[PDB]
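Following: one structure in structure tokens, then a few remarks.
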Amino acid sequence: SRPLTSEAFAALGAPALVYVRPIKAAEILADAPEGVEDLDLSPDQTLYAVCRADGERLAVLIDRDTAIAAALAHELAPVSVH
Amino acid sequence: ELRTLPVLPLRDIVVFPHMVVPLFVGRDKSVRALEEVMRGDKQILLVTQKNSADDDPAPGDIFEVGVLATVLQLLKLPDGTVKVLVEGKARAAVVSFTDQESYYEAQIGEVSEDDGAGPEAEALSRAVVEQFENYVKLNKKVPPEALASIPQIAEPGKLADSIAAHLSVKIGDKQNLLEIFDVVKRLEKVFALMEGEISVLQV
């Protein structure tokens, strides 16, 4: 098979398909070289990112439900990472 | 017969046989299941989890019927999420999960489907097609491709699964349709689900 070309497959989902995924403490530290909260290093918090279908991060929300709601509120169609 | 293969638990969707679906795969164990399958015959078990909130479901929290699928196409995105286009091939009973802690793995049985051909199967297919034509006026998110192709599906079981995929119904209703192996019963359920105002017929 391989039904699509690489560009088509990377594009696939435009313009509205986004996925929502946990942010690990590792990404948090990269985004904030001048300092993060200790809470960001704990399991007690799990921030979520909403990402375009080609991987580009659109937004960071406090949790999964907020990420899902934020995406719907901006006319996107969110899906999970399985 | 019986086979062991790696599993990908789905958070919040059900993939039917013959559906082709893009998926993003981002949990550690799911990613590892996928890497495994891609070094091999490219085939995985899709099975839906009972609760979409659960991040690390256990076997008791995953349904027991799923779909054997083939990975058609794969792209690792820069953030590590794996974008994959999968194709459901066949319903699969889950016998049990193995002992593997790197990733979920399971033994799966083939399923037989009650099929065929009284005035019933026949009238139900035509009725479900007709109902589907009405249903999509009330649900404008069904792609126009599916509006053209679904009226042409000749095999009742395939017809039921294709409509099932397009219904705006809860996860549990989709998983229930996956578990109905009798095709006449399945078409009857898809008909009922498409009813806009509960029939006076079931009170």
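Below, chains carry the letters A, B, ... as their sequence lines are ordered, and counting in each starts from 1. Below, each value reflects all heavy atoms present in this structure, side chains not excepted, and no hydrogens, waters or symmetry copies.
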Toward chain A, the part of [X] with a non-hydrogen atom under 4.5 Å:
X: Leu74(B); answer: backbone
X: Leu75(B); answer: both
X: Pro22(B); answer: side chain

Please determine whether a side-chain nitrogen of the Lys or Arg among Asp12(B) and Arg64(A) lies less than 4.0 Å from a carboxylate oxygen of the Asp or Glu.
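Counted as a salt bridge, because a side-chain N and a carboxylate O are separated by less than 4.0 Å.
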Can you list the steps and then say if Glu56(A) with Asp79(B) is a side-chain contact (heavy atoms from CB on, under 4.5 Å)?
CA-CA 8 Å; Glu56(A) 168 181 37; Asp79(B) 72 14; over 6 Å; no
side-chain contact (heavy atoms from CB on, under 4.5 Å) assessment of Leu23(B) paired with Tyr19(A):
CA-CA 9 Å; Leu23(B) 291 185; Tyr19(A) 61 89; over 6 Å; no
At what distance, to the nearest 0.5 angstrom, does NE2 of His82(A) lie from OG1 of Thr81(B)?
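Spacing of NE2 (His82(A)) from OG1 (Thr81(B)) equals 11.0 Å.
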Out of curiosity, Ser52(B) OG to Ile68(A) CD1, how far, rounded to the nearest 0.5 Å?
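Reported to 0.5 Å precision, the distance equals 7.5 Å.
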Would you please test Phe24(B) and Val18(A) for side-chain contact (heavy atoms from CB on, under 4.5 Å) and show each step?
CA-CA 10 Å; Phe24(B) 299 87; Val18(A) 299; over 6 Å; no
Can you name the closest pair of heavy atoms from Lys24(A) and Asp28(B) and give their distance?
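Minimum heavy-atom separation between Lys24(A) and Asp28(B): NZ-OD2, 4.0 Å.
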Over all heavy atoms of both residues, which pair between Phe9(A) and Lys83(B) is shortest? Give the atoms and the distance, please.
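Taking every non-hydrogen atom into account, O-NZ, 2.6 Å.
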Is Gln73(B) close to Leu4(A) at the side-chain level, that is, under 4.5 Å between some pair of heavy atoms?
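Result yes, sub-4.5 Å side-chain heavy-atom pair found.
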